[PDB]
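Presented below is the structure to which this report refers.
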Amino acid sequence: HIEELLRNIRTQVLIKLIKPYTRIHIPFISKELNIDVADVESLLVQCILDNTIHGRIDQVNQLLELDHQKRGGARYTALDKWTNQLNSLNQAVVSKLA
Amino acid sequence: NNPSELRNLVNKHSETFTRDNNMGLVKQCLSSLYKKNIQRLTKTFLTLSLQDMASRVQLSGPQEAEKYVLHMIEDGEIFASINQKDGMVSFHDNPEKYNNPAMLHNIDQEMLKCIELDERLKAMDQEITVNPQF
Amino acid sequence: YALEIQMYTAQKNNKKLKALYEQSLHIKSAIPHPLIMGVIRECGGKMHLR
Amino acid sequence: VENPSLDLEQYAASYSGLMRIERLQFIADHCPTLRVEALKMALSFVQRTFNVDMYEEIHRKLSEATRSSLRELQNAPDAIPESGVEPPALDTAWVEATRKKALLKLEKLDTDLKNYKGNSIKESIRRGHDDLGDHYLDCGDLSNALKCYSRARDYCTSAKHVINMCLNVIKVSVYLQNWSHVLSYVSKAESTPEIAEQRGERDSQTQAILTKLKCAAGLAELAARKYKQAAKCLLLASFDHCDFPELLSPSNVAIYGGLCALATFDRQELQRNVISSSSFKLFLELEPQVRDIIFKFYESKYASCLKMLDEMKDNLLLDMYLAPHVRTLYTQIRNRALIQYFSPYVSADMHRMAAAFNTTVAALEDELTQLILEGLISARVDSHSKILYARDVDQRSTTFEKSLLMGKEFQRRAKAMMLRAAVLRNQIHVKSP
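Chains as they are written, first to last, in PDB author numbering: chain A, 346 to 443; chain B, 270 to 403; chain C, 198 to 247; chain D, 37 to 469.
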């Protein structure tokens, strides 16, 4: 298991670390974890898909475009659901005539 | 979504087009497919070459690819820019950010229309209210 | 069940150890406090980690 | 196509009765090299069990395979002496005899069924209907076996007796080739013994009825192309049943539950159902190829995964039930894999992407275009310097534009309605006079 335990520590440490940034570099985190860039890159990919790290990668500049790009959203999606029912409703009502 | 076939069909179907006399319109539907074929590429690509556009759209001349978007720029069916150094087209696509006061005024104008449309309906619903129901 | 688990851990077949363990759980309720309960548990814990 | 690295021996041995002859003939049809050996394995099996039809038909394909100059089997022994391996020929006596004995056998069984009806003991009548039913399946007569079992049904007096019959009926129903009947009867069987017990039948059950029924349902659904549901029912099937030589060998459940899950399943479901499960684990262990494929897909190991995947492809295509689905599932694994790649990458370099999917940049470009339009991947290609970027969607731009557009069409329909109401109210419509 010991290999897994090593990965486990490094993975928790990564989630703590990530939070002050919104742009963090892969050679900077590899250096901090104490391993090479490629195993960190592979960890990140699996982490975004599991969603224990939030963001996406820029591999043509070696950055993490972490997500803190949130704003609201909740208003904007509720207006979309409202907006789609009004189309179906107008189509329905006008079609009842004769 | 293939112009070569649409073209062949128009000659097959030709006599109908002439007797019914919606000739010339049938021609527009062919140009509109080429516009659709160019415009779908925009959705997909940031940057694409003219040579590449030309083979796939079946324009068969990069010179015409540049000519076709340029017609559309004047029309305002496309938001794009041409890079003749690289031999690329760059797509933009950003007419509105939706936080303009221009957009506020546009939405405000659309509300005045709705309130009048409703008022036509009220007079007409009321009219049936006067008439006795069956 | 314990002697059987002691043989099956040395022989090393993961499958049989798992069935032996579930089958041993049914008996457990009317047992008091013995040594045997830890020995049987010990194999079960390892199979759970896997 | 060809791929002779489908172990023919294992595929025969794992089956029995009608299912074996049927399957073997499918593989002989699709693969060139494997056909000869398949026809002989089929003929050795056909000599037993007692069926006439398969013997004529299979021997007919063997008589083509030798005699022609197209094939290489004519100059293969370069003279026909006796040997021990020597292509056989029809035996005029065997074909009459098999039919004669089969018919005679059916008569013995009918006479027996007649006294059991006379005695009026229900269980003896039910056993008889089983005996007539099973004989019709050895002789080769698919239909009559179902009729016998249908009759068996109103002689039941125990949850077990219902269970035996439904399974028996399922055996027949595969041969008729309608899957929907398997589902009614499996559900019926599952519901009848206390909703598959309530205690585990105490400590355990001697032979898992539970495992047989899920695996039959899973085969039915795979075929239906209910693929997500097909993995879901089948994974729960365990090695309890041990083997099934009249519906589905244990090798094929591992393949079916793996490949059928991978196409259609998302990440949460993959971990919860295929990986964490004790049940599926015997199956994953049984062949490491299916197992390595799952992890490699999950780890973002697409380059190793697809490489193992193409190699297996043609073998899985020789399998009777599995074959039309290979293309449909493989496409689904690639298009899901394409999304799955772009999820962590805002900006990806296309050469790495192309290499991972084992296709060239150019090919990969045209696959992506398709996904941007038809699919959900909001991304743009900078084909100048080959970088995949990095489209941020805006929840605002899509709602506002929609609200404005939706407002135009709402008004237009209202105007359209006033005009409809206007001709109706003053009573004009089109008339020829």
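Just so it is clear, CB atoms sit at the ideal spot from N, CA and C, and this is done for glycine as well.
For residue j and residue i, the rounded distance between their alpha carbons
| i | j | result |
| --- | --- | --- |
| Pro272(B) | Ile371(A) | 48 Å |
| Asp418(D) | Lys354(B) | 16 Å |
| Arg416(A) | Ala423(A) | 15 Å |
| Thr367(D) | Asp387(B) | 52 Å |
| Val236(C) | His230(C) | 12 Å |
| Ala373(D) | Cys341(D) | 11 Å |
| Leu317(B) | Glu226(D) | 59 Å |
| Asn352(B) | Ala426(D) | 21 Å |
| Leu70(D) | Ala253(D) | 31 Å |
| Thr428(A) | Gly418(A) | 15 Å |
| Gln463(D) | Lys441(A) | 18 Å |
| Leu362(A) | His346(A) | 25 Å |
| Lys137(D) | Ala273(D) | 39 Å |
| residue 494(D) | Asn155(D) | Absent from the model: residue 494(D). The displayed extent of chain D is 37 to 469, so no value can be given. |
| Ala232(D) | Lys196(D) | 11 Å |
| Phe446(D) | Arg420(A) | 23 Å |
| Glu321(D) | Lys209(C) | 15 Å |
| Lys391(B) | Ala452(D) | 17 Å |
First and last residue of the uninterrupted beta strand (DSSP E) at residue i
| i | result |
| --- | --- |
| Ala384(D) | 381-385 |
| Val358(B) | 357-360 |
| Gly417(A) | Counting along the chain, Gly417(A) falls outside any beta strand (DSSP E), and DSSP gives it neither H nor E. |
| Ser318(B) | 314-318 |
| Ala349(B) | 349-352 |
| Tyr425(D) | 423-425 |
| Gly120(D) | Taken as a continuous stretch (DSSP letters only), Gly120(D) belongs to no beta strand (DSSP E), as it is neither H nor E. |
| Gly400(A) | 400-403 |
| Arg416(D) | 416-418 |
When the options are compared against residue i, the one with the closest alpha-carbon
| i | options | result |
| --- | --- | --- |
| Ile398(A) | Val385(A), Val405(A), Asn406(A) | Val385(A) |
| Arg163(D) | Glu401(D), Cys184(D), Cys175(D), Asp174(D) | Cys184(D) |
| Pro40(D) | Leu54(D), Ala266(D), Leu353(D), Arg96(D) | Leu353(D) |
| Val358(A) | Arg368(A), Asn379(A), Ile347(A), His413(A) | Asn379(A) |
| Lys337(D) | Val390(A), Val382(A), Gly400(A) | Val390(A) |
| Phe319(D) | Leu270(D), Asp239(D), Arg370(D) | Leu270(D) |
| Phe314(B) | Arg456(D), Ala452(D), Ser421(D), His465(D) | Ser421(D) |
| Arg56(D) | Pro68(D), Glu233(D), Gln83(D) | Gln83(D) |
| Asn371(D) | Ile199(D), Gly411(D), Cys278(D), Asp385(D) | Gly411(D) |
| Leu381(B) | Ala452(D), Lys444(D), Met453(D) | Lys444(D) |
| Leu255(D) | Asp302(D), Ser313(D), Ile291(D), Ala452(D) | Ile291(D) |
| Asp395(A) | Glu305(D), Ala457(D), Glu347(D) | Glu305(D) |
| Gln241(D) | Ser226(C), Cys240(C), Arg238(C), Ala216(C) | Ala216(C) |
| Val198(D) | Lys137(D), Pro229(D), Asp385(D), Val459(D) | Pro229(D) |
| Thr367(A) | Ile402(A), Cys392(A), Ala437(A) | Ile402(A) |
| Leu275(B) | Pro401(B), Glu365(B), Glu284(B), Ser300(B) | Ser300(B) |
| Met348(D) | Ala339(D), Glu100(D), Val326(D) | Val326(D) |
| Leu182(D) | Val210(D), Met389(D), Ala78(D) | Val210(D) |
| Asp276(D) | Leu258(D), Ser315(D), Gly294(D) | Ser315(D) |
| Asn211(C) | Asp65(D), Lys317(D), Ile206(D) | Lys317(D) |
Where the alpha helix (DSSP H) through residue i begins and ends
| i | result |
| --- | --- |
| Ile311(D) | Per DSSP, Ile311(D) belongs to no alpha helix (DSSP H) and is neither H nor E. |
| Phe81(D) | 71-83 |
| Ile231(D) | Run containing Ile231(D): none; DSSP gives neither H nor E here. |
| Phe378(D) | 361-378 |
| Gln431(D) | 431-461 |
| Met292(B) | Per DSSP, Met292(B) belongs to no alpha helix (DSSP H) and is neither H nor E. |
| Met393(B) | 370-399 |
| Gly235(C) | 233-246 |
| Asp328(D) | 324-335 |
Closer than 8 Å at the beta carbon, the chain E residues around residue i
| i | result |
| --- | --- |
| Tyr425(D) | Given the protein chain composition of this structure (A, B, C and D), no chain E is represented. |
### Message
Any contact between the region 239-249 of chain D and the region 215-230 of chain D? By contact I mean 3 or more CB pairs, one from each, below 8 Å.
### Response
Because the criterion of three Cβ pairs below 8 Å is met, the region 239-249 of chain D and the region 215-230 of chain D touch.
### Query
Taking one C-beta from the region 316-325 of chain B and one from the region 432-442 of chain D each time, how about it: are there three or more such pairs within less than 8 Å?
Remark: fewer than three beta-carbon pairs, one from each stretch, lie closer than 8 Å, so the region 316-325 of chain B and the region 432-442 of chain D are not flagged as touching.
### Query
If you scan the region 128-168 of chain D from start to end, which runs of the alpha helix (DSSP H) of 4 or more residues do you find wholly inside it?
If we require 4 residues or more, the alpha helix (DSSP H) runs fully inside the region 128-168 of chain D come out as 128-155.
### Message
Any contact between the region 279-291 of chain D and the region 43-50 of chain D? By contact I mean 3 or more CB pairs, one from each, below 8 Å.
### Response
Touching, yes.
### Message
Across the region 142-152 of chain D and the region 168-187 of chain D, are there enough close Cβ pairs to call them in contact, namely three or more that are closer than 8 Å?
### Response
Contact between the region 142-152 of chain D and the region 168-187 of chain D is present, because at least three Cβ pairs lie under 8 Å.
### Task
Count the CB pairs spanning the region 334-342 of chain B and the region 293-309 of chain B that are closer than 8 Å, and state whether there are at least three.
Counting Cβ pairs under 8 Å, three or more are found: they touch.
### Task
For the region 261-281 of chain D and the region 324-338 of chain D, state whether three or more C-beta atom pairs, one from each stretch, are separated by less than 8 Å.
Judged by Cβ distances under 8 Å, the region 261-281 of chain D makes no contact with the region 324-338 of chain D, as fewer than three pairs qualify.
### Task
Decide if the region 85-93 of chain D is in contact with the region 175-193 of chain D; the criterion is three or more beta carbon pairs, one per stretch, under 8 Å apart.
Proximity of the region 85-93 of chain D to the region 175-193 of chain D meets the contact definition, three or more beta-carbon pairs being nearer than 8 Å.
### Query
Any chance the region 205-215 of chain C sits against the region 236-247 of chain C, with 3 or more Cβ pairs inside 8 Å?
As far as the Cβ criterion goes, the region 205-215 of chain C touches the region 236-247 of chain C, which means the pair count is three or higher.
### Query
Can you list, in chain order, the stretches of the alpha helix (DSSP H) that have 4 or more residues and sit fully within the region 190-231 of chain D?
DSSP runs (the alpha helix (DSSP H)) wholly in the region 190-231 of chain D: 195-212, 216-227.
### Task
Decide if the region 397-417 of chain D is in contact with the region 355-366 of chain D; the criterion is three or more beta carbon pairs, one per stretch, under 8 Å apart.
At 8 Å Cβ cutoff, the stretches do not touch.
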